[PDB]
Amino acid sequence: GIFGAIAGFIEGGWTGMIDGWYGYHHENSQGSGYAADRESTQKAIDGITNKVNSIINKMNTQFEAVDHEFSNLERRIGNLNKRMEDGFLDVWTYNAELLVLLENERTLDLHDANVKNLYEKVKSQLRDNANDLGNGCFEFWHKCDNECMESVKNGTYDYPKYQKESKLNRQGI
């Protein structure tokens, strides 16, 4: 994908993460499960919704075709009407079709960017207190219980707090 995360360095999606577009999956002694990152998901929803409503808005005028009859001495203006109406029909078909293809590419990139950013956000809190497995997963060099998991998700993870423990484990292995 262009930011390289979705179907990228993160191979597949989660059917188990049912309450959001982007999320965390966690495992610890306490348990395992899925949680959406609410803030990034709600911002994407607002953005996508604005995009859809903008497009609907801008597309909210209509060319008017008409039922007028023409006589056998009105071939030129009859054809003028015909090429005129077809003319606008072709321009609007083009605009709608090209717009959907283009916006569909950019909408997928946006999602790919939000996943990538969510991953970079976690990565930089954790520093070397965790080990990169591949596939967007980090293995902690220390015990990370539920409160510690939440602080990663919240953006308040305490790297100094677990540094000494992480360093001792990183050595013995």
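Just count from 1 along the sequence shown to find any residue number.
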Checklist entry - Should the higher mean CA B-factor in the entry be assigned to 119-127 or to 105-113? => result 119-127
Checklist entry - Comparing 159-167 with 7-15, which has the greater mean CA B-factor as deposited? => result 159-167
Next on the checklist: For the chain shown, is the CA B-factor of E27 in the lowest, middle or highest third of its modelled residues?
Outcome noted: lowest
Item to check | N53 CA temperature factor, ranked by third within the chain | outcome: lowest
Checklist entry - Considering only modelled residues of the same chain, in which third does the CA B-factor of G134 rank: lowest, middle or highest? => result highest
Item to check | CA B-factor ranking of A65, expressed as a third of its chain | outcome: middle
